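Written out below as structure tokens is the structure these notes cover.
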Amino acid sequence: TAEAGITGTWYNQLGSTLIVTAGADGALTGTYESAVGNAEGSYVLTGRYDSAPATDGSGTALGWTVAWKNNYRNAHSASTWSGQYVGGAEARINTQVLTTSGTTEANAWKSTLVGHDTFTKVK
């Protein structure tokens with residue numbers, strides 16, 4: 001199931017660690033530790049996934065958010081990852097990521113980064 005496949009620890013191409021629990025009805029909850037940027041220690045993660053995905057070979061749509069504030073740091077920023085889980089022996093979460101920083105209205109045009117993150121079950 002996607003519930004069983006998503007739940008656990010994932011690692012990205014930059015050295016970051018996702019620890020997530022997928023709930024039976026579509027909740028994603030957990031923590032994120034980024035290896036880059038204005039971040040240190042773990043941050044709360046919340047999101048949603050399709051808890052009844054297609055059975056035709058398609059991936060399982062999901063997304064989550066992290067606000068970059070914890071006890072050690074506040075980067076006045078939040079990232080959202082949007083993507084799909086692909087199961088099996090070489091399981092992946094393939095994502096596109098938006099990172100928005102709080103800005104003045106004048107600087108809003110440079111508020112949001114776009115990137116892409118690929119997560120695997122092994123480091």
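Ordering of the structure tokens sets the chain letters (A, B, ...), residue numbers begin anew at 1 in every chain, and ligands are numbered from 1 in the order given.
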### Query
Hey, what's within 12 Å of residue 64 (chain A) if we count only C-alpha atoms and toss same-chain stuff fewer than 5 positions away? As a PyMOL selection string, please?
chain A and resi 18-22+26-32+44-49+78-84+93+95-99
### Message
Let's see if you can do this: from backbone DSSP, list all alpha helix (DSSP H) residues in chain A, as a count of residues only.
### Response
5
### Query
Looking at only C-alpha atoms, which of A:73, A:43, A:66, A:121 is the one that sits closest to residue 7 (chain A)?
A:121
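Close contacts of residue 35 (chain A), defined as residues with an atom at most 12 Å away when counting only C-alpha atoms, with chain neighbours fewer than 4 positions off set aside, comprise residues 11, 12, 13, 14, 15, 16, 17, 18, 39, 40, 41 and 42 of chain A.
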Keeping N, CA, C and O atoms for every residue in the selection just given, could you write it to a file as a short mmCIF file (atom, residue, chain, number, x, y, z; two decimals), in the first residue's frame?
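Saved to part-v3.cif:
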data_model
loop_
_atom_site.label_atom_id
_atom_site.label_comp_id
_atom_site.auth_asym_id
_atom_site.auth_seq_id
_atom_site.Cartn_x
_atom_site.Cartn_y
_atom_site.Cartn_z
N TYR A 11 15.81 9.88 2.25
CA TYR A 11 17.00 10.67 2.11
C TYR A 11 17.09 11.36 0.74
O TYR A 11 16.84 10.76 -0.24
N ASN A 12 17.44 12.63 0.72
CA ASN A 12 17.56 13.30 -0.56
C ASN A 12 18.93 13.42 -1.13
O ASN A 12 19.86 12.92 -0.60
N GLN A 13 19.00 14.05 -2.28
CA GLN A 13 20.23 14.08 -3.01
C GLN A 13 21.23 15.06 -2.39
O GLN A 13 22.40 14.97 -2.67
N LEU A 14 20.75 15.96 -1.55
CA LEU A 14 21.56 16.98 -0.86
C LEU A 14 22.06 16.55 0.52
O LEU A 14 22.84 17.27 1.15
N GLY A 15 21.59 15.40 1.02
CA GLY A 15 21.98 14.92 2.35
C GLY A 15 20.97 15.19 3.47
O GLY A 15 21.30 15.08 4.66
N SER A 16 19.75 15.58 3.10
CA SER A 16 18.67 15.85 4.06
C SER A 16 17.91 14.56 4.40
O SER A 16 17.94 13.63 3.61
N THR A 17 17.24 14.53 5.55
CA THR A 17 16.52 13.35 6.03
C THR A 17 15.07 13.68 6.32
O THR A 17 14.78 14.62 7.08
N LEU A 18 14.16 12.92 5.70
CA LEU A 18 12.73 13.03 5.91
C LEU A 18 12.31 11.86 6.79
O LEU A 18 12.70 10.71 6.54
N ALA A 39 19.19 26.51 8.18
CA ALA A 39 18.50 25.44 8.92
C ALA A 39 19.45 24.60 9.77
O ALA A 39 20.59 24.33 9.36
N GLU A 40 18.97 24.18 10.93
CA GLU A 40 19.70 23.31 11.81
C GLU A 40 18.83 22.54 12.81
O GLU A 40 18.03 23.09 13.48
N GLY A 41 19.06 21.24 12.89
CA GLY A 41 18.22 20.37 13.70
C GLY A 41 17.00 19.97 12.88
O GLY A 41 16.97 20.10 11.65
N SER A 42 15.98 19.48 13.57
CA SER A 42 14.79 19.01 12.88
C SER A 42 13.65 20.01 12.92
O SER A 42 13.54 20.82 13.84
#
Give me, as a PDB file with C-alpha atoms, in the first residue's frame, all polymer residues having an atom no more than 9 Å from residue 52 (chain A), counting only C-alpha atoms and skipping those fewer than 4 positions away in the same chain.
ATOM      1  CA  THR A   1       0.000   0.000   0.000  1.00  0.00           C
ATOM      2  CA  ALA A   2       1.094   3.619  -0.289  1.00  0.00           C
ATOM      3  CA  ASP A  25      -6.752   8.408   5.409  1.00  0.00           C
ATOM      4  CA  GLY A  26      -4.148  10.617   3.809  1.00  0.00           C
ATOM      5  CA  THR A  60       1.013   8.160  -5.610  1.00  0.00           C
TER       6      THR A  60
END
#### Entry: Residue contacts of residue 91 (chain A) (10 Å, only C-alpha atoms) excluding same-chain residues fewer than 3 positions away, as number ranges by chain
A: 5-6, 10, 85-88, 94, 119-122
### Message
Using DSSP assignments from the backbone, pull out every residue in chain A that falls under strand (DSSP E or B) and give it to me as a ChimeraX atom specification.
### Response
/A:8-11,17-22,27-33,43-49,60-69,74-86,92-101,112-120
### Task
Using CA of residue 110 (chain A) and CA of residue 63 (chain A) as the two end points, give the distance in Å to one decimal.
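Spanning CA of residue 110 (chain A) to CA of residue 63 (chain A) is a straight-line distance of 23.0 Å.
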### Message
Which residues are close to residue 102 (chain A), i.e. within 9 Å by only C-alpha atoms, leaving aside same-chain residues fewer than 5 positions away? Reply as number ranges by chain.
### Response
A: 75-78, 108, 111
